[PDB]
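Asker: Next comes the structure file upload28.txt, holding compact mmCIF, C-alpha atoms.
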```
# COMPACT_ATOMS: atom_id res chain seq x y z
CA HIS P 51 -38.23 48.94 11.09
CA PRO P 52 -34.77 49.11 12.71
CA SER P 53 -34.81 45.44 13.70
CA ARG P 54 -31.56 44.11 12.18
CA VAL P 55 -28.22 44.95 13.83
CA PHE P 56 -24.97 43.20 12.94
CA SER P 57 -22.00 42.66 15.24
CA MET P 58 -18.36 42.49 14.15
CA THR P 59 -15.31 41.73 16.27
CA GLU P 60 -12.56 44.33 16.54
CA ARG P 61 -9.29 44.95 18.37
CA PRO P 62 -9.79 48.17 20.36
CA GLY P 63 -6.32 48.07 21.88
CA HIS P 64 -3.73 46.04 23.74
CA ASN P 65 -2.81 45.20 27.33
CA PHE P 66 0.15 47.48 28.06
CA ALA P 67 0.45 46.48 31.71
CA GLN P 68 3.82 45.21 32.92
CA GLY P 69 4.54 41.58 32.09
CA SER P 70 6.07 38.86 34.24
CA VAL P 71 9.77 39.55 34.79
CA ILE P 72 12.08 36.52 34.73
CA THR P 73 15.42 37.01 36.47
CA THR P 74 18.19 35.15 34.65
CA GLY P 75 21.47 36.70 35.84
CA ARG P 76 22.49 37.34 32.22
CA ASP P 77 24.27 40.53 31.19
CA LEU P 78 22.38 41.08 27.92
CA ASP P 79 18.86 40.61 29.34
CA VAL P 80 17.07 43.90 30.01
CA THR P 81 13.45 44.39 31.09
CA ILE P 82 11.70 47.74 30.74
CA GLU P 83 10.69 49.03 34.17
CA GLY P 84 7.12 50.27 33.94
CA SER P 85 5.98 51.79 30.66
CA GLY P 86 8.39 52.13 27.76
CA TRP P 87 9.64 50.70 24.50
CA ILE P 88 12.90 49.84 22.73
CA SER P 89 13.41 51.15 19.21
CA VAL P 90 14.40 48.41 16.76
CA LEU P 91 14.24 48.12 12.98
CA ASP P 92 12.90 44.94 11.40
CA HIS P 93 14.12 43.03 8.33
CA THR P 94 12.62 45.63 5.98
CA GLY P 95 14.41 48.46 7.79
CA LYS P 96 11.48 50.31 9.36
CA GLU P 97 11.67 51.59 12.93
CA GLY P 98 9.39 49.91 15.43
CA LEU P 99 8.85 49.65 19.16
CA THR P 100 9.51 46.30 20.85
CA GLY M 65 -2.22 54.15 42.64
CA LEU M 66 -1.76 50.39 42.94
CA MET M 67 1.87 49.25 43.25
CA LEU M 68 2.97 45.66 42.66
CA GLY M 69 6.51 44.54 43.35
CA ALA M 70 8.58 42.51 40.91
CA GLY M 71 10.49 40.48 43.52
CA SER M 72 14.00 40.85 44.90
CA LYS M 73 17.59 40.41 43.76
CA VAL M 74 21.12 40.48 45.14
CA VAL M 75 22.59 43.63 43.62
CA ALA M 76 26.09 43.52 45.17
CA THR M 77 28.49 41.36 47.18
CA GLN M 78 29.91 43.72 49.80
CA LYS M 79 33.32 42.81 51.23
CA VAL M 80 33.89 43.85 54.85
CA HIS M 81 37.55 44.86 55.21
CA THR M 82 37.71 44.61 58.99
CA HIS M 83 41.16 43.71 60.27
CA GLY M 84 41.36 40.10 61.42
CA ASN M 85 43.14 38.61 64.39
CA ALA M 86 46.87 37.84 64.46
CA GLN M 87 48.46 34.39 64.33
CA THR M 88 51.91 34.20 65.92
CA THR M 89 54.19 32.06 63.75
CA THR M 90 57.83 31.01 63.98
CA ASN M 91 58.37 31.51 60.24
CA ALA M 92 60.60 34.51 59.53
CA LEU M 93 59.26 35.26 56.03
CA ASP M 94 55.51 35.63 56.63
CA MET M 95 54.34 39.07 57.74
CA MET M 96 51.24 41.14 58.43
CA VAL M 97 49.92 44.67 57.91
CA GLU M 98 48.93 46.24 61.24
CA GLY M 99 46.24 48.53 59.90
CA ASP M 100 45.23 49.64 56.40
CA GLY M 101 47.39 48.52 53.49
CA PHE M 102 47.88 45.86 50.82
CA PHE M 103 51.06 44.12 49.74
CA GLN M 104 51.71 44.80 46.06
CA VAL M 105 52.74 41.81 43.94
```
Can I see the file as C-alpha cells?
Answerer:
Amino acid sequence: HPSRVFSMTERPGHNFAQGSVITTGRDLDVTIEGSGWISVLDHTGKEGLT
Amino acid sequence: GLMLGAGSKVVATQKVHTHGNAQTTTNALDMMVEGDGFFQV
C-alpha cells in the first residue's frame, strides 16, 4: 500500500529581489540598480557573478 | 508593477553665479567686474 512517503529539504532557488542600499559617499562603492550582476573571477580563476 | 524607492541623495552642488552688489571703497587697487568675467591669476 502506498502509505510511506519521505520528505527531503531542497533549495529551489534564491531571493533575487533588490537588497537594502546603504549610501556611504565613497567613490568605489557601487550598487546594482535593479537586476544585474558583476563579473568577477575567484581565487581559482573561474568567472562568476557577484 | 510595484515600485519601491531607494531614498534620496544630493547629486550636485549648484553654484548660482548671479552678480552681487557693489561696495564702494577708497582703496585704489581693489576692482570689480561689471558683468560676466573672471580675473585670471
Asker: Write out as a VMD selection string each polymer residue whose atoms come within 12 Å of range 97-102 of chain M, counting all atoms listed in the file; drop sequence neighbours fewer than 2 positions from it.
Answerer: chain M and resid 81 to 86 94 to 95 104 to 105
Asker: Where does chain P meet chain M within 10 Å, residue by residue, with the nearest atom pair and distance in Å to one decimal for each, counting all atoms listed in the file, listed by chain and rising number, as a Markdown table?
Answerer:
```
| residue | atom | partner | partner_atom | distance |
| --- | --- | --- | --- | --- |
| P:68 | CA | M:70 | CA | 9.7 |
| P:69 | CA | M:70 | CA | 9.7 |
| P:70 | CA | M:70 | CA | 8.0 |
| P:71 | CA | M:70 | CA | 6.9 |
| P:72 | CA | M:70 | CA | 9.3 |
| P:73 | CA | M:73 | CA | 8.3 |
| P:75 | CA | M:73 | CA | 9.6 |
| P:83 | CA | M:70 | CA | 9.6 |
```
Asker: Restrict the selected residues to C-alpha atoms and save them as a tab-separated table (two decimals), in the coordinates of the input.
Answerer:
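What landed in selection_13.tsv:
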```
chain	number	residue	atom	x	y	z
P	68	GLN	CA	3.82	45.21	32.92
P	69	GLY	CA	4.54	41.58	32.09
P	70	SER	CA	6.07	38.86	34.24
P	71	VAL	CA	9.77	39.55	34.79
P	72	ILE	CA	12.08	36.52	34.73
P	73	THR	CA	15.42	37.01	36.47
P	75	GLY	CA	21.47	36.70	35.84
P	83	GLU	CA	10.69	49.03	34.17
```
Asker: For a test of reading the model, state the distance in Å between CA of residue 63 in chain P and CA of residue 84 in chain P, rounded to one decimal.
Answerer: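 If I compute the distance from CA of residue 63 in chain P to CA of residue 84 in chain P, I get 18.2 Å.
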Asker: Just the residues within 12 Å of residue 87 in chain P, please, counting all atoms listed in the file, with nothing from its chain fewer than 6 positions along; format it as a list in words.
Answerer: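 Listing them by chain and then by number gives residues 66, 68, 80, 81, 97, 98, 99 and 100 of chain P.
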Asker: Interatomic distance between CA of residue 103 in chain M and CA of residue 76 in chain M?
Answerer: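 These two atoms are separated by 25.4 Å.
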Asker: What is the CA of residue 86 in chain P-CA of residue 69 in chain M distance in Å, reported with one decimal?
Answerer: 17.4 Å
